[PDB]
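Trainee: PDB entry and its sequence, pasted below:
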Amino acid sequence: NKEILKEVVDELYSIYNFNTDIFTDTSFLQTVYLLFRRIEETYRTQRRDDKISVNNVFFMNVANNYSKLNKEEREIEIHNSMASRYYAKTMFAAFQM
Amino acid sequence: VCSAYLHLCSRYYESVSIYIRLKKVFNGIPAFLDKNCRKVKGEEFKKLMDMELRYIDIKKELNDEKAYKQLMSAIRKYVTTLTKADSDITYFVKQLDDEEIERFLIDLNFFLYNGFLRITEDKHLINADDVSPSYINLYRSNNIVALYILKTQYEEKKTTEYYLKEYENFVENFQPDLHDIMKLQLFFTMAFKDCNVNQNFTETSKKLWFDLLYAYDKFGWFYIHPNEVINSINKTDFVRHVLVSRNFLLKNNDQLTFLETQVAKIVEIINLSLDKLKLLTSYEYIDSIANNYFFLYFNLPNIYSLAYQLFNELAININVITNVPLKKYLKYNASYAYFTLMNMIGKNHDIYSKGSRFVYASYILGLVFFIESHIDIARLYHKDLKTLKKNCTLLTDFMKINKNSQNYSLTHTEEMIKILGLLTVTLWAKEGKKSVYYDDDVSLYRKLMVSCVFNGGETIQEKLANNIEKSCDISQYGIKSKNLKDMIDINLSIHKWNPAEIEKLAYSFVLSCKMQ
Amino acid sequence: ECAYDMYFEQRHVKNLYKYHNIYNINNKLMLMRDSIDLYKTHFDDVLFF
Amino acid sequence: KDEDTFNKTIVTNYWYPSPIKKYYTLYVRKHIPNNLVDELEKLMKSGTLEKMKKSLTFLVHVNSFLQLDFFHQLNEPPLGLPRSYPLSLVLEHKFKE
């Protein structure tokens, strides 16, 4: 969604330009990467269990009652199931370029 | 009841046992504080755990911060006292550091009152079912120390009597109360909410269920004996088998019960439509049922498609041991599926996925897995015939229950399993309401393999070869020798199939024998 | 969409999709249906990494 | 005496004059609020985490695209045609052609 991404990148550029008594230009990228990893790990639940994480992924599923949910909540479920594993990897690329 | 609806009572007594054991733990815990930590919280512990008349809070209520570092210390000491002599879980118990102990001590108090589970996860992925007590709804609500406790402590009409009574006696040396009976009533009304679902189950199929279960847990009557399963796992591969099993039984748990009830339905219909000479083991009779699957309400979703879907899930799980598609080497790696089958029909060890016992589903799914990983070519001519013979003898040698030394007199259970096997093989090839000998769009391979199975052994060609050289008579102006035999077999493979060739050669050489 | 349509016309998929909602679902066919619908909607923006 | 060998030459050394910057650390912890990720979260505006999450909408699940490219061999070929090689070879060939 290339209208919220622009706002986020502008905000981060401002935060970096105003604080150069920290953020030595390679600490900013690492800090942003770890912040993205925390934004990602705030998605994982006990349903859709732990080892169903990376583990040479073939254990991954959506939910035990994915069906019967709705026609519109079971796409939010797809988004959450994907973002729980592939959020930092695909957001950091765009951000850093 | 507990006799007609096997599975609903099997679901009720698990919950009863869980409630009883956790209540025992929580009633043994209070007297412990009156022995160590002489005046931490000795008596008012119960007065705070009253919850009679309420929500819960040990921080705001009891606003004396010099209480946690002793209360939770004593509680952790108690919990590590319960999980003794294992020397592995104790490590993870000592590393808890409340409030991962406070949450346990609150959830365990909430369970023993209202009989619920105190779910605080995403409250849109739960539907009035993920709240009853069971070993799976406890590995999905993050209640994990409870499972440590239940793992360390309390853990290791002939057949009907044996299984039902002689081991569903958790309730022995127990006494109800004025309270505590309402929670049992709640468990019961939770279990029996399917007042028509989980349909037909009575002495028709109930007897067969109990016979197969007793036979497995006494003699080892399965498609492969468990000793062979265990004796092929080299030492350093055992901790991944456990993980490929545990994940198959956690996620695909409702489809297994669905397949179970659907197999029970067809066993009911088989016994209700009615001798073993060739009726019940001939082609046309079994074809009648195989037609019953195309067109109890006569809908009956095909029980081969369900087993194929579960095979697909299992074959995707198995591929976690490498990073290549594993196309034709799904065999040479069937030890995983067979360990899962043992854990599914047998006594399920590894208490994190323990559930029902899935007798029928194991037979059907193991047959389907073997067929689809060994005896199939749809997804990959004399040597082709050698391959047909080799695969047919592998199949016919797999499907025999009892092997070792006992006399083969074909008791009733063996008859029923033979009928189920032949139905599962005639559903693999059938493609419509028309016998699979006269239909096109059925592979050359499948007609021949079905014929090779229904005759129990040899072939469709060598059978007629022996039958014709019986009337050795034919050796005219003329020719015999396997040469004439393969001549008649290519005549078969070209002209048309299948019983046309059988009967027409039969009678042509009957008249040939009466000729000379 | 051609590859998806080729997937959906199999024996074990047709015989199960017949009973779409009169019974339980494998929870896996619904995922494929949802994926193809969502793709056919936003077919000009997606990227595959 | 061993400074001019091959194992001492292909390495970097990174010396710079010491700057005088506020001490925030990305490495561990604790008991003292000196953490770069926490500081960055504190330097942000009110609504920015939810703006960070509302990018990157996921549409095609991995399990929906594997069943056609990886584990394609577990598919009954429909009545008629033989095996159709997976959805990666088809894609690259159709692209080139």
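Mentor: That came in fine, so what should we check first? Numbering: from 1, shown residues only, chains lettered A, B, ... in the order given.

Trainee: contacts and neighbour counts: CA atoms only from here.
Mentor: Noted.

Trainee: so for residue 34, what's the nearest residue that isn't a sequence neighbour?
Mentor: No chain specified, so I'll use chain A. residue D:37 (7.1 Å; Cα to Cα, 6 or more residues apart in numbering or on different chains).

Trainee: wait, I meant chain B there
Mentor: Once flanking residues are discounted, residue B:34 sits nearest to residue B:42: 5.5 Å by Cα to Cα, 6+ apart.

Trainee: tell me the secondary structure at the residue nearest the centre of chain D.
Mentor: The centre of chain D sits closest to residue D:56, judged by Cα atoms, centre = their mean, with a distance of 13.9 Å. Secondary structure, DSSP: H, G, I helix; E, B strand; the rest coil: residue D:56 is coil.

Trainee: ok, how many other residues are close to the closest residue in space to it that isn't next to it in sequence?
Mentor: In space, and not counting its chain neighbours, residue D:56 is closest to residue A:1: 6.3 Å by Cα to Cα, 6+ apart. By the criterion of other Cα atoms under 10 Å in any protein chain shown, residue A:1 has 10 neighbours.

Trainee: repeat for residue D:16
Mentor: Residues within reach of residue D:16, counting by other Cα under 10 Å, total 6.

Trainee: ok, residue B:248 next?
Mentor: 19.

Trainee: over to residue B:494?
Mentor: The number of residues packed near residue B:494 is 9, by other Cα under 10 Å.

Trainee: helix, strand or coil for it?
Mentor: With three-state DSSP as the criterion, residue B:494 reads helix.

Trainee: which residue does the stretch 251-400 of chain B bring closest to chain C?
Mentor: For the stretch 251-400 of chain B, the residue closest to chain C is residue B:305, as judged by Cα to the nearest Cα, at 4.5 Å.

Trainee: any chance of the backbone angles for that residue?
Mentor: Dihedral pair for residue B:305: phi -60, psi -40, per degrees, to the nearest 10.

Trainee: and for residue B:467?
Mentor: Per degrees, to the nearest 10, the backbone of residue B:467 is at phi -70, psi -30.

Trainee: so who does it touch?
Mentor: Contact analysis of residue B:467 by Cα atoms under 8 Å, 6 or more residues apart in numbering or on different chains lists nothing.

Trainee: how long is stretch B:249-260 end to end?
Mentor: 14 Å (Cα to Cα, to the nearest Å).

Trainee: what residues of that stretch count as buried?
Mentor: For stretch B:249-260, burial by neighbour count (16 or more other Cα atoms under 10 Å in any protein chain shown) applies to B:249-257, B:259-260.

Trainee: now, those residues that are in strands?
Mentor: Under the assignment DSSP state E, the buried residues of stretch B:249-260 contribute nothing to strands.

Trainee: and the residues you listed near chain A, which?
Mentor: The subset of the buried residues of stretch B:249-260 within reach of chain A, by Cα under 8 Å from any Cα of the partner chain, is residue B:251.

Trainee: let's see which of the buried residues of stretch B:249-260 end up in helices.
Mentor: B:249-251, B:254-257, B:259-260 (DSSP state H).

Trainee: returning to what we had before: so the residue nearest to the centre of chain D touches residue A:91, yeah?
Mentor: Yes: proximity of residue D:56 to residue A:91 meets the contact threshold set by Cα atoms under 8 Å, at 7.4 Å.

Trainee: what residue in chain A comes nearest to chain C?
Mentor: Nearest residue of chain A to chain C (Cα to the nearest Cα) works out as residue A:67 at 5.9 Å.

Trainee: how many neighbouring residues does that residue have?
Mentor: If you count neighbours by other Cα under 10 Å, residue A:67 ends up with 19.

Trainee: how much space between it and chain B?
Mentor: Using Cα to the nearest Cα, to the nearest Å, residue A:67 is found at 10 Å from chain B.

Trainee: am I right that that residue is in a strand?
Mentor: No: Residue A:67 sits outside any strand when classified using three-state DSSP, being coil.

Trainee: what does the stretch 301-450 of chain B put close to chain A?
Mentor: B:316-317, B:319-320, B:323.

Trainee: residues from chain B in reach of chain C?
Mentor: Contact residues (Cα under 8 Å from any Cα) of chain B with chain C: B:255, B:301-302, B:304-306, B:308-309.

Trainee: can I get those in CSV including secondary structure and distance to residue B:241?
Mentor: Shown next, in CSV, are the residues of chain B next to chain C (DSSP: H, G, I helix; E, B strand; the rest coil; distance: Cα to Cα, whole Å):
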residue, secondary structure, distance to residue B:241
B:255, helix, 21
B:301, coil, 32
B:302, coil, 30
B:304, helix, 26
B:305, helix, 26
B:306, helix, 24
B:308, helix, 22
B:309, helix, 21
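
Trainee: and of those, the nearest to residue B:181?
Mentor: The shortest approach to residue B:181 among these belongs to residue B:255, at 33.1 Å (Cα to Cα).

Trainee: would you mark the buried spots in the helix or strand containing residue B:15?
Mentor: Following DSSP states H and E, one finds residue B:15 within helix B:6-33. Buried residues in helix B:6-33, counted by 16+ other Cα under 10 Å: B:6-19, B:21-23, B:33.

Trainee: just so I have it, where are all the helices in chain D?
Mentor: All helices of chain D, identified by DSSP H, fall at D:36-42, D:49-53, D:62-66, D:89-96.

Trainee: same check on chain A?
Mentor: Secondary structure of chain A (DSSP H): helices at A:4-18, A:27-41, A:73-86, A:88-96.

Trainee: to residue D:21, which of the ones you listed lies closest?
Mentor: Short answer: helix A:27-41, nearest of these by Cα to Cα, at 12.7 Å.

Trainee: identify the residues contacting the closest one?
Mentor: Outside of helix A:27-41, the residues within contact range by Cα under 8 Å, 6+ apart are A:16, A:83-88, A:91-92, A:96, D:26, D:36-37, D:40, D:49, D:53.

Trainee: for the closest residue to residue B:136 other than its chain neighbours, what are its contacts?
Mentor: Distances taken as Cα to Cα, 6+ apart put residue B:353 closest to residue B:136, at 5.7 Å, once the chain neighbours are dropped. Applying Cα under 8 Å, 6+ apart to residue B:353 gives the contacts B:135-136, B:139, B:246, B:249-250.

Trainee: need the phi and psi values for residue B:353.
Mentor: With angles defined as degrees, to the nearest 10, residue B:353 sits at phi -130, psi 10.

Trainee: what's the spacing between it and chain A?
Mentor: According to Cα to the nearest Cα, residue B:353 and chain A sit 12 Å apart.

Trainee: how far away is residue B:326 from chain D?
Mentor: Using Cα to the nearest Cα, residue B:326 is found at 8 Å from chain D.

Trainee: pretty sure that residue belongs to a strand, no?
Mentor: No: looking at residue B:326 with three-state DSSP, it is coil, so not inside a strand.

Trainee: so what's the residue count around it?
Mentor: Neighbour tally, residue B:326, other Cα under 10 Å: 18.
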